[PDB]
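Whatever order the structure lists ligands and atoms in, that order sets their numbers, starting from 1. Numbers restart at 1 for each chain; the letters A, B, ... are given by sequence-line order, proteins then strands.
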Amino acid sequence: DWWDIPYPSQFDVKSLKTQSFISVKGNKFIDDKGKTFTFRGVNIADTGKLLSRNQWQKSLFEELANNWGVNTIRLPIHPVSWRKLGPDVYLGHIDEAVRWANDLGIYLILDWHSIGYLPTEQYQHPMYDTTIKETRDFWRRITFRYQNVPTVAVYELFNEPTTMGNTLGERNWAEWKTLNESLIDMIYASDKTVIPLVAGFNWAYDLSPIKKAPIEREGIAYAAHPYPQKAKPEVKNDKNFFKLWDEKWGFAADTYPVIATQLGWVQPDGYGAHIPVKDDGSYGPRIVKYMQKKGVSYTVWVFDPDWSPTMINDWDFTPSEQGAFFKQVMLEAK
Amino acid sequence: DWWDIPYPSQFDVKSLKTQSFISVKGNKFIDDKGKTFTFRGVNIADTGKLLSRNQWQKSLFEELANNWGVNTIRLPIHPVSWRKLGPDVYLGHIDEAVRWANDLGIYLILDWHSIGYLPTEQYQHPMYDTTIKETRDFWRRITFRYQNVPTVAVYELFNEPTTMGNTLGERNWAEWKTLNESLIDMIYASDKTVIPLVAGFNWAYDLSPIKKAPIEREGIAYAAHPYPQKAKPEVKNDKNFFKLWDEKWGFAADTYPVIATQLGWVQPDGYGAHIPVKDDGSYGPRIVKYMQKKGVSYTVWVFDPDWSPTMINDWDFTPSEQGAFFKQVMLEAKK
Amino acid sequence: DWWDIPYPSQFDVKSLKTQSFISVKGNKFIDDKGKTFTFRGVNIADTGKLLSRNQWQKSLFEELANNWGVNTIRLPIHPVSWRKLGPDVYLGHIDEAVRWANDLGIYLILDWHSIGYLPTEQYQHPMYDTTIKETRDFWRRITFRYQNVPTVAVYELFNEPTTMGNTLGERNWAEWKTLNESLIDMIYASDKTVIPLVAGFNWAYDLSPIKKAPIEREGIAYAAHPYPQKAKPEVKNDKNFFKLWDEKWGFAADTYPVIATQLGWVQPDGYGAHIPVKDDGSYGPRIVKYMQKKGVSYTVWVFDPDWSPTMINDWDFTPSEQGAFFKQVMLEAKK
Ligand SMILES: OC[C@H]1O[C@@H](O[C@@H]2[C@@H](O)[C@H](O[C@H]3[C@H](O)[C@@H](O)[C@H](O)O[C@@H]3CO)O[C@H](CO)[C@H]2O)[C@H](O)[C@@H](O)[C@@H]1O
Ligand SMILES: OC[C@H]1O[C@@H](O[C@@H]2[C@@H](O)[C@H](O[C@H]3[C@H](O)[C@@H](O)[C@H](O)O[C@@H]3CO)O[C@H](CO)[C@H]2O)[C@H](O)[C@@H](O)[C@@H]1O
Ligand SMILES: OC[C@H]1O[C@@H](O[C@@H]2[C@@H](O)[C@H](O[C@H]3[C@H](O)[C@@H](O)[C@H](O)O[C@@H]3CO)O[C@H](CO)[C@H]2O)[C@H](O)[C@@H](O)[C@@H]1O
Ligand SMILES: [Cl-]
Ligand SMILES: [Cl-]
Ligand SMILES: [Cl-]
Ligand SMILES: [Mg+2]
Ligand SMILES: [Mg+2]
Ligand SMILES: [Mg+2]
């Protein structure tokens with residue numbers, strides 16, 4: 001009976017091992033000792049996808065923390081999967097991820113993984129289909145359930161804003177800014193210790209509107225998705241890419257913390273190769289060098305053998321080209 | 001086939017016995033003889049809840065009218081129930097309530113029983129979940145079906161506006177005012193004889209925004225839900241509560257008709273006790289005295305043995321503490 | 001698995017026979033040689049309705065093009081049918097219509113066939129029920145699939161705006177204008193060769209708001225639904241109807257292209273007769289004379305034996321009164 005449906009419960013924070021909160025101070029993330037923190041890690045696939053092949057397990061997290069040097073895992077929660085499993089079930093699985101991550105001393109970025117234009121509720125693909133109401137409700141539920149949980153560090157409000165050349169709507173920064181501020185207000189009303197992560201247009205590549213009209217809230221970080229072909233210099237070299245990246249997203253790191261929550265590549269003739277993830281490999285050192293210089297955090301896309309570009313070729317964790325590259329980088333940084 | 005789906009019908013007004021319309025005149029409700037009218041009654045549970053236990057029957061209405069002195073029943077129509085039964089079936093059951101009430105000479109308040117912030121479509125619990133579209137459609141259907149039915153006196157547009165400390169959205173009077181005016185306009189387009197009832201924030205407790213920006217429509221009344229702990233004076237007495245109630249909602253009765261569509265209490269250690277319905281009992285005489293002085297109408301929450309705070313302890317209508325208290329008050333007022 | 005659902009594909013334009021695009025220039029439609037073009041044709045029923053009785057077939061289009069003189073068919077896509085068949089299946093059937101029409105050298109008007117007020121998402125009947133999100137998605141999908149297809153000439157954004165005497169919402173031209181501009185922008189982003197068709201209030205009858213506040217986009221045309229009883233002169237004659245039609249919709253043809261996407265009549269005591277389609281027959285020559293004089297395009301409602309007013313009495317295409325009349329008119333004009 002509907003009148004017997006219980007009110008929701010909050011995650012039991014006393015079940016967790018000690019773990020520092022991460023907070024925003026100026027243009028940096030810091031831990032509870034004031035030491036500069038950098039999120040360095042990977043995306044995994046949607047929980048529902050992993051469950052379907054029996055790969056949603058602690059052993060996945062252990063492999064990453066122990067053998068790949070990650071301090072962060074990004075969970076891309078697809079709206080279609082949220083609906084298919086249903087909120088109560090999906091949240092129960094996120095609880096498992098919180099416990100596994102906490103046990104390993106690593107952090108989670110929760111990503112509402114849609115692609116398109118939320119103000120008009122039009123999207124790149126139905127797997128990303130959502131509504132303002134559903135998006136608000138997702139964040140209402142998440143914020144309430146994970147109040148005062150250090151393991152869950154970042155709430156990435158909407159993965160990839162895009163109008164696909166204004167076919168989905170008319171991109172308008174003021175309208176998108178206002179909507180992010182509305183989401184932030186709902187979150188901050190319920191938990192002020194979380195870090196909202198806000199994205200610009202062109203699939204979370206273009207942060208340039210924040211130069212004139214930044215989000216008017218404190219404690220936030222900005223996303224960037226600097227895939228190799230987002231910048232298109234006529235001549236491909238460090239100088240030309242750095243200038244282009246500087247103007248579109250890199251500048252943000254001077255004033256706000258930035259997380260490159262998606263990056264990576266595959267050979268142009270490789271598995272699942274498509275624009276804008278095609279590259280000969282020179283991008284890897286280039287993007288790492290740039291991020292290092294700017295102090296930018298990152299989560300590689302994606303630690304999965306099916307979704308591309310892959311970091312692994314199988315569920316024995318055989319590394320792909322980009323996987324082998326980032327594995328060495330992250331292990332050195334740890 | 002979808003192209004064969006028939007257009008809706010209206011309630012047959014000729015099936016009803018003679019009953020006066022209630023109308024708004026200034027700060028008062030009046031009957032068709034211009035005599036001041038006060039709604040005095042109770043809430044019952046959602047129709048779907050009552051149906052599930054075979055308690056949706058005329059005998060319920062008869063008990064209330066004959067033995068509890070009510071002239072009004074408030075039906076709190078939960079959106080989840082509206083969806084579960086479906087509009088056509090739910091409306092058929094509301095038709096039954098109209099006939100029963102009309103036969104007894106009593107009135108109905110139809111309440112779109114949601115709790116939360118409609119402009120962002122975020123709510124306290126999924127049982128209240130709705131949308132602006134669904135809310136409009138509810139009032140479109142209701143207004144059409146019950147055109148020119150005196151028995152259905154009041155359309156209470158949205159039970160309890162709240163943002164739950166701005167966790168549901170940013171409370172904003174201007175946007176809420178505009179949305180109520182939109183709903184009123186749809187209703188008045190279809191039936192001008194109905195009384196819309198409009199609520200403020202803090203779970204329909206705070207009417208103070210209407211001092212500066214009242215709804216810009218005539219013929220309306222304002223709701224109040226003055227539960228015992230909504231006002232929180234340091235020292236609990238008549239003087240201190242009256243002052244607080246005056247500033248938040250009582251003042252409205254000087255200019256507009258007011259209906260306290262929810263009120264009541266249970267002991268702090270009693271069944272279903274929670275903030276803000278906890279009280280030692282002194283509230284009962286206090287709220288009745290205040291409403292009497294201001295000429296405020298009321299429907300007690302709730303005449304049900306499960307939902308709290310209860311007016312009855314069972315379906316034999318054994319009165320609870322607050323039930324026994326309000327029963328005597330209403331029976332006296334009916335005289 | 002949801003992650004394996006493929007991305008959509010576009011119609012194969014190389015499968016089509018040569019056919020001129022139609023474009024807007026000033027107050028006229030023109031072909032690719034700059035010659036003035038007039039859409040002259042009929043509505044058929046919703047694809048889903050036709051499928052249910054096995055009447056969705058090329059032979060329908062052939063009958064119309066060969067024997068009724070049409071150069072245009074309007075497809076009224078009902079939202080309930082779009083949902084029932086589902087977008088992928090419905091689009092597959094529209095692909096059939098594109099091929100059939102193209103093979104015959106005729107054109108299609110795609111009509112999102114709702115009746116009501118999209119800004120509040122309230123409608124005359126559930127078969128028309130939709131949302132802004134669904135309406136946008138329909139046009140997103142259509143525009144992408146039929147990019148660079150000359151056969152599909154017109155995208156009629158929303159069949160019949162009405163608030164039904166403000167029972168559905170408060171009619172507001174600025175709000176409706178803005179929403180049409182938003183739809184136009186999504187379409188033009190994906191295909192600039194299409195012609196959007198925009199409607200006014202009173203069931204797409206009243207274009208008068210465009211005198212002061214026209215849609216601020218180029219390449220658009222305006223719809224009119226001049227059913228016989230939309231204008232109500234005291235004395236029914238050419239002079240009095242022409243004056244009324246001039247003021248409400250005819251004036252638009254002086255500045256913009258106009259398509260009367262619905263028109264027609266049945267005797268007042270005839271099959272499916274209702275306001276505002278009732279007429280003695282004198283309307284037929286009258287509306288044709290008016291349109292001819294103004295250079296207005298048209299699609300008669302409706303070439304179906306069930307939906308009214310009918311152009312045919314059966315699926316052997318036995319003409320009704322209005323069908324016989326318009327058949328002769330269209331056949332002559334095709335010369
Ligand atoms: O799902 C099986 C199917 O998956 C394809 O992988 C897709 C990924 O490539 C895709 O990654 C994209 C991100 O989701 C976006 O945020 C970003 O803009 O673009 C990324 C790619 O550049 O994610 C989806 C799920 O969201 C995956 O379906 C494989 O490429 C394909 O081989 C396989 O059949
Ligand atoms: O439903 C089963 C569950 O019911 C609980 O009763 C609830 C009522 O206490 C509740 O009353 C509230 C109103 O609905 C609100 O408008 C108002 O803000 O506060 C009232 C007092 O809380 O209504 C809900 C349904 O809307 C009832 O479910 C019982 O407390 C519980 O024991 C029982 O199992
Ligand atoms: O479908 C079965 C039922 O259909 C009725 O036909 C209806 C048509 O008359 C109706 O046409 C209207 C248009 O849809 C509107 O755009 C316009 O304002 O008015 C037209 C005529 O009044 O369309 C609906 C479907 O949209 C049809 O149902 C038959 O008249 C009836 O006998 C039959 O049982
Ligand atoms: Cl964009
Ligand atoms: Cl509130
Ligand atoms: Cl209208
Ligand atoms: Mg946290
Ligand atoms: Mg009434
Ligand atoms: Mg075209």
Would you kindly say whether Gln124(C) and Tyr7(B) are connected by a side-chain donor-acceptor distance under 3.5 Å? yes

Looking only at protein heavy atoms, which one is nearest to atom 3 (C) of ligand 3, and what is the separation? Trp3(B) O, 4.1 Å

Decide whether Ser81(C) and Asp46(C) meet the rule of one side-chain donor and one side-chain acceptor closer than 3.5 Å. yes

Ligand 3 atoms nearer than 4.0 angstrom to some heavy atom of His78(C) are 25 (C), 26 (O)

State if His113(C) counts as touching ligand 3 under the rule of any non-hydrogen atom under 4.0 Å. yes

Hey, is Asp137(A) close enough to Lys133(A) for a salt bridge, meaning N to O under 4.0 Å? no

Less than 3.5 Å apart, any donor N or O on the side chain of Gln19(B) or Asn102(B) sitting next to an acceptor on the other? yes

In ligand 3, which numbered atoms sit nearer than 4.0 Å to a non-hydrogen atom of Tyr271(C)? 32 (O)

Counting from 1 in the order shown, the ligand 3 atoms closer than 4.0 Å to a non-hydrogen atom of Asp306(C) are 29 (C)

Counting only heavy atoms, which portion of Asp4(B) has something under 4.0 Å from ligand 3: side chain, backbone, both, or neither? side chain

Looking only at side-chain N and O atoms, does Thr130(B) offer a donor or acceptor that is under 3.5 Å from a partner on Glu121(B)? no

Will you find, in the side chains of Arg145(B) and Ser9(B), an N or O donor that is under 3.5 Å from an N or O acceptor? no

What's the shortest distance from atom 4 (O) of ligand 3 to any protein heavy atom, and which residue and atom give it? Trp307(C) CD1, 3.5 Å

Taking only non-hydrogen atoms of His274(C) and a 4.0 Å limit, the atoms of ligand 3 in range are 21 (C), 22 (O)

Identify, for atom 13 (C) of ligand 3, the protein heavy atom at the shortest distance, and state residue, atom and that distance. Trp301(C) CZ2, 3.7 Å

Short N/O/S contact of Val149(B) with the Mg ion (ligand 8) (below 2.8 Å): yes

Quick one: which ligand 3 atoms are inside 4.0 Å of a heavy atom on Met127(C)? 25 (C), 26 (O)

Taking only non-hydrogen atoms of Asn159(C) and a 4.0 Å limit, the atoms of ligand 3 in range are 16 (O)

Is the NZ or CZ atom of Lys248(B) both under 6.0 Å from the centre of the six-membered ring of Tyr205(B) and within 45° of that ring's axis? no

What do you reckon, does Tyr227(C) have a nitrogen or oxygen under 3.5 Å from a nitrogen or oxygen of ligand 3? no

Would you tell me whether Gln262(B) and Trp203(B) have side-chain atoms, one donor and one acceptor, within less than 3.5 Å of each other? no

Please list the nearest protein heavy atom to atom 15 (C) of ligand 3 with its residue and the distance rounded to 0.1 Å. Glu160(C) OE1, 3.4 Å

What protein heavy atom sits nearest atom 24 (C) of ligand 3, and how far away is it? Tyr128(C) OH, 3.7 Å

Which ligand 3 atoms are under 4.0 Å away from a heavy-atom of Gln262(C)? 13 (C), 15 (C), 16 (O), 17 (C)

Just do the salt bridge (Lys or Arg N to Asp or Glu O under 4.0 Å) check on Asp185(B) and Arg217(B) with the steps written out, would you? CA-CA 9 Å; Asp185(B) 287 343; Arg217(B) 304 286 187 279; 2.7 Å; yes

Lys/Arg cation over aromatic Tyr227(B): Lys230(B), 6.0 Å, 45° cone: no

To the nearest 0.5 Å, what is the distance between CZ on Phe201(C) and OG1 on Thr162(C)? 9.0 Å

N/O/S atom of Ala153(B) inside 2.8 Å of the Mg ion (ligand 8), strictly under: no

On the 0 to 90° scale, with breaks at 30° and 60°, tag the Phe37(B)-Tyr107(B) ring pair as parallel, tilted or perpendicular. perpendicular

Nearest option to atom 30 (O) of ligand 3, as decided by whichever heavy atom of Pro76(C), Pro309(C), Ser308(C) sits closest: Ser308(C)

Find all atoms of ligand 3 within a distance of less than 4.0 Å from any non-hydrogen atom belonging to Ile115(C), and give their numbers and elements. 15 (C), 16 (O)

